[PDB]
Structures are given as structure tokens and as C-alpha cells.
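Heads up, the thing below is written out as C-alpha cells.
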Ligand SMILES: CCCCCCCCCCCCCC(=O)SCCNC(=O)CCNC(=O)[C@H](O)C(C)(C)COP(=O)(O)OP(=O)(O)OC[C@H]1O[C@@H](n2cnc3c(N)ncnc32)[C@H](O)[C@@H]1OP(=O)(O)O
Ligand SMILES: O=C1CS[C@@H](c2ccccn2)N1c1cccc(Cl)c1
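Numbering (the entry's author numbering), first residue to last: 11 to 421.
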């Protein structure tokens, strides 16, 4: 039963999202003027805080709250350790709204106890092409297309409540207050993902992992040593051999992206993402922000031939704290970010991603089965991991789609 989510304009059952065919809002139309100008009441001991994302110490404070209290695996062996530079990058894209970053502090000592972040995204989120066609066949195209235009909405990430404060109903309050701030900005939809099942996802996809340093991975117990490896003389030598990668990329004219590549990367990205039902639209400034290489944060390479960019890939780094273990502090994971291929099969392009990642010291490469990510799983030796990433809209009815129809990558 859901005391909070039942009060919210989201689909309430799996049933509701099977019956849905057109995109559009769920709630009553409202106006900025309908929305309370004052922050949601919270207890006397606490206060609403808007971190300054240009302040190293506000960034640090958020960093600490996530380092100690953010998402762990089911066995409390690992916890994400997003870096400060990653958080400045993710929290401050072009035209970000400082007010959408919502925090609760203890008034006495200014200890950060809870956080959620919103950032702008321009999202295509109209009726999927299929439902759009089924709609003509039944005479209802204008209705199916009403919301085809890309929409400036809020993307929510980094909801975190201090472990000492869990199950005190603080997360509802953070969400109501984020919602109020976003609504005051005249934005009525949001997009979010979670590893947990909430009401009600529009898409769900498994995670996949590709071992790059399997000895470390087994050592920290991220990976097992499969049963067929027993019947073998020296387990690890077989495993390392199985996962070994070339030292240098195979595509000649792969190089790191540079500022002048922005317009071309934009165009082959937009062309590719445009084929999916749900996907972001980026300006040049968003392309530079999200894809220009940044040290220990995002890593992007283009294939250029005859002075033209014809393919590119990117990945970002999130290290995970290894929670038990005396020998290892961190596990260094690369996450497949946006890419586009026009001159070579995707599997050949993403082999270079794995090669570069391995070459720079990453232990595993991770992704969700969105985009055409299923297309290279077998050949590059990715295996399905635990659990699923679920995709959600706030205040947006949307039919249930497959993850291969989603082109929004979450940080
Ligand atoms: C238009 C603008 C809209 C803007 C907002 C759009 C929506 C944004 C929504 C947020 C998108 C987040 C995207 C990400 O960042 S997903 C990552 C979420 N973060 C973590 O998992 C970090 C570790 N966990 C924690 O920090 C806490 O356990 C959290 C904060 C997750 C819950 O704190 P706590 O454990 O102390 O519980 P409570 O007593 O305060 O509250 C219990 C209520 O909270 C509902 N709950 C539990 N987990 C989640 C979850 N991941 N999303 C949404 N709701 C969740 C739960 O069903 C229950 O409601 P109800 O079942 O009683 O009805
Ligand atoms: O990349 C890593 C490093 S260890 C593990 C993990 C799980 C939960 C929280 C942090 N890290 N992990 C992982 C596993 C499954 C999904 C995701 Cl997004 C990350």
C-alpha cells in the first residue's frame, strides 16, 4: 500500500499503464499562480536549503551525504561514490535552475540530512510511433500527436535521506517540495528512474556488466568464478584470458572529442536518438557540457575520416565504495553513455569503448539495455546483472514501452 504515491498524479497499477495509449498529462491543468509561494512546512529543527553548486563546500557536503548514504546493492557490499566533479557536472548543465536543487539541513549544526536534485531536460515524450499509427487506423491522429513537440521538463536524480533518518516519511516531503519548486517554474512533468518498483514504470530494463579486470572483480566478490571454471587447472588465468582486450583501439581515426566536433556530434546523435520513442534533444551547449571530455568524469571519442566525424561513443565514471574488504577501497566502473554509429557496426564501435576503458584503469563497463545496447551484448561478452532500472514519468500518462524504445541515459 502507498500512503504517498496513491496521492500523486502517476499511474497507480500495471493495469492503468496497459490501458493507456496516448501521451498527455494526468493532473488538472494548473497555473504558477495556483502554486504555494512558500516552501512546504517542515519541523522546527530542520530548514530548506538551496545548495550553491558553484560553492566547493556545498558540492562537498552533497558529496558526503551521497558517499555515506546513497544507493547500495542488496547485500550492502557496494555503494555508489559519485565524485565532486561528477556532481558539479551532473547538477549544473546549461540553463540549470539553482532552485530545483532541494536540500534539508539540521538548523542547529547545518548537517545535510536529505537531498533531491532536478535539472532541465528537453524530452520527446509523445505517443510512441506504433500507438500513433494504430490511432490513424481508428481515426484519432490529432489526439495521438497532441504532445509530439519536445517538452522542457524536469529530470529528477540523487534523492537521498540520511541513514539515521530513514522511514520517517521525509522523502515524500522532499518530493512535494521539489514538485512545488518545479511547478513554480511553470514545469508540470518530470522524468526519473529507480532500481526499485514504484507506481508505475513506463519501461524497465536489465543492467549488463562487462568485466575488464576480472581478478579484482572476483577479489571484491562483484563476480563469481563460474562452475565450469572449476573443472579447470588455474581459474584466474582462464578468466583473465576470456576477458582480455587489445591495448589500443581498432578503428583508425578514433580520437578524443574536442570542442570543434560539437556540431557534427550533435547532428549524428540527434539523427540516431530521433528514431526512439522517448529521448532527449540537446543544443550545442548541452552537447559540449554532456559529451566534452572531463577528467575522471566523462570520456568521449569520435571516429573521424576524411575530416568528417562519422561515429562517436562516450562513457562516464562512477566509482563504487567496496563496503567490506580490507584490500580494496573502490571499484572503478565505466557506464555506457550516448553514442552513434554510421560507418561501422555498433559492436565494433563499442569494442573500442571497452578497449579505452580498460586501458584507463576501469574494472567493469556497465549499461542498461536501452538504445541498441542489446545489439552487442553477446559479442562483447556483457552479462546480465542483478535487478533492473525502471523509468517513470511524473504527471504523464504513457503506454508501457520496451527499453529498446528509450534513448534517455541516466547519470
Ligand atoms: C513536475 C515536477 C515533479 C518533480 C518530482 C517528480 C518525482 C520524483 C520522485 C523521486 C525519484 C527518485 C529517483 C532516484 O533518485 S532513485 C534513488 C533513490 N535513492 C536511494 O535509493 C538512496 C538510498 N535510499 C534513501 O536515501 C532513502 O531510502 C530514500 C530517499 C530512497 C527513501 O527514504 P526512506 O527510506 O526514509 O522512506 P520515507 O519514509 O522517507 O518515505 C517512504 C516513501 O518513499 C517512497 N520511496 C521509497 N524509495 C523511493 C524512490 N527511490 N523514489 C521515489 N519514492 C520512493 C516509498 O515508496 C514510500 O512512499 P509510499 O509507498 O509510502 O507511497
Ligand atoms: O558498478 C557497480 C560497482 S559495484 C555495483 C553497485 C551496486 C549498487 C550500488 C553501487 N554499486 N555496481 C553496479 C551494479 C549494478 C548496477 C549498477 Cl548501476 C552498478
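Don't be surprised by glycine CBs; every beta carbon is placed ideally from N, CA and C.
| said: Using only the alpha-carbon positions, how far apart do residue 36 and residue 177 sit? | reply: Straight-line Cα distance between these residues: approximately 28 Å.
| Quick one: what does DSSP say residue 151 is sitting in, helix, strand or coil? | In this structure, residue 151 counts as helix in the three-state DSSP scheme.
| query | Under 8 Å between the Cβ atoms of residue 90 and residue 330? | reply | Yes, these two residues count as a Cβ contact at 8 Å.
| Going by other Cβ atoms of all chains shown within 10 Å of its Cβ, with 16 needed for buried, is residue 196 buried or exposed? | A residue is called buried when at least 16 other Cβ atoms come within 10 angstroms of its Cβ; residue 196 does not meet this threshold and is exposed.
| query | Can you list, in chain order, the stretches of the beta strand (DSSP E) that have 3 or more residues and sit fully within the segment 42 to 123? | reply | Counting only runs of 3 or more, we get 56 to 59, 88 to 90, 111 to 116.
| field | Range of the contiguous beta strand (DSSP E) that encloses residue 396 | value | Taken as a continuous stretch (DSSP letters only), the beta strand (DSSP E) holding residue 396 covers 393 to 404.
| message | By alpha-carbon positions, which one of 242, 249, 340 ends up nearest to residue 234? | response | For residue 234, the closest of 242, 249, 340 by C-alpha to C-alpha distance is 249.
| message | Within 10 Å of its beta-carbon, does residue 421 have 16 or more other beta-carbons around it, so buried, or fewer, so exposed? | response | Residue 421 should be labelled buried.
| query | Out of 277, 384, 374, 61, which has the shortest C-alpha to C-alpha gap to residue 254? | reply | The shortest C-alpha separation from residue 254 is found at 374.
| Alpha carbon to alpha carbon, how far is residue 304 from residue 209? | So the alpha carbons of these two residues sit roughly 36 Å apart.
| field | Inter-residue Cα distance where the pair is residue 282 and residue 48 | value | Rounded to the nearest whole angstrom, the C-alpha separation of residue 282 and residue 48 is 43 Å.
| query | Which word fits residue 211, buried or exposed, when buried means at least 16 other C-beta atoms lie within 10 angstroms of its C-beta? | reply | Buried: at least 16 other Cβ atoms inside 10 Å.
| message | What does the Cβ neighbour count give for residue 31, buried or exposed, with the cut at 16 atoms within 10 Å? | response | Buried.
| query | Is it the case that the CB of residue 182 approaches a heavy atom of ligand 1 more closely than 7 Å? | reply | True, at least one ligand heavy atom lies under 7 Å from that Cβ.
| How big is the Cα-Cα spacing for residue 60 and residue 386? | Cα-Cα distance, rounded: 42 Å.
| query | Whole-angstrom Cβ separation of residue 378 and residue 217, contact assumed at under 8 Å? | reply | Contact flag correct, Cβ pair sits at about 6 Å.
| Is residue 353 helix, strand or coil when you go by DSSP? | Coil at residue 353, not helix or strand.
| request: Please report how far the alpha carbon of residue 229 lies from the alpha carbon of residue 339, in whole angstroms. | output: When rounded, the separation of the alpha-carbon atoms in residue 229 and residue 339 is 12 Å.
| Stretch pair the segment 134 to 147 + the segment 61 to 80: three plus CB contacts closer than 8 Å | At 8 Å Cβ cutoff, the stretches do not touch.
| Between the Cα of residue 294 and the Cα atoms of 274, 308, 81, which residue gives the shortest distance? | Considering only alpha carbons, the answer is 274.
| Under 8 Å between C-beta atoms of residue 221 and residue 369 | Against a cut-off of 8 Å, the Cβ pair of residue 369 and residue 221 comes out as no contact.
| What whole-angstrom Cβ distance do residue 266 and residue 203 have, given they're in contact under 8 Å? | The pair is not a contact, with the Cβ atoms about 29 Å apart (cut-off 8 Å).
| Since residue 137 and residue 410 are thought to touch, with beta carbons under 8 Å apart, how far apart are those beta carbons, to the nearest angstrom? | The C-beta distance from residue 137 to residue 410 rounds to 13 Å, too long to fall under 8 Å, and the pair is not in contact.
| task | Determine the DSSP secondary structure at residue 12, reduced to helix, strand or coil. | result | Looking at residue 12 - three-state DSSP - the assignment turns out to be coil, as it is neither helix nor strand.
| First and last residue of the alpha helix (DSSP H) that includes residue 320? | Under the DSSP assignment, residue 320 falls outside any alpha helix (DSSP H), being part of the beta strand (DSSP E) whose first and last residues are 318 to 332.
| Rounded separation between residue 12 and residue 112 - CA only | Computed Cα separation, rounded: 23 Å.
| field | Close Cβ partners of residue 367 (< 8 Å) along its chain, the five nearest in sequence each way excluded | value | The residues are 222, 309, 325, 344, 375.
| request: Give the range of the alpha helix (DSSP H) segment to which residue 276 is assigned. | output: Boundaries of the alpha helix (DSSP H) harbouring residue 276: 272 to 283, taken from the DSSP string.
| query | Bridge partners of residue 34, per DSSP? | reply | Residue 34 is bridged by DSSP to 407.
| query | By a C-beta neighbour count over all protein chains shown, 10 Å radius and 16 as the cutoff for buried, is residue 388 buried or exposed? | reply | With fewer than 16 neighbouring CB atoms inside 10 Å of its own CB, residue 388 falls in the exposed class.
| request: Can you grab the Cα-Cα spacing for the pair residue 180 / residue 65, in whole Å? | output: Between residue 180 and residue 65, the alpha-carbon positions lie close to 26 Å from each other.
| Taking C-beta to C-beta, are residue 418 and residue 289 nearer than 8 Å? | Result yes, Cβ atoms of residue 418 and residue 289 sit closer than 8 Å.
| request: My understanding is that residue 127 touches residue 110, with C-beta atoms under 8 Å, so please give their C-beta distance in whole angstroms. | output: Indeed they touch by this definition, with Cβ atoms about 7 Å apart.
| said: Here's the rule I'm using: 16 or more other beta-carbon atoms within 10 Å means buried, otherwise exposed. How should residue 154 be labelled? | reply: When all chains shown are included, residue 154 counts as buried.
| task | Please confirm whether any heavy atom of ligand 2 lies closer than 7 Å to the CB of residue 395. | result | At a threshold of 7 Å, residue 395 counts as near ligand 2, since its beta carbon sits closer than that to one of the ligand's heavy atoms.
| request: Between the Cα of residue 393 and those of 232, 334, 299, spot the shortest distance and give me the residue it belongs to. | output: Of the listed residues, the one whose Cα sits closest to residue 393 is 232.
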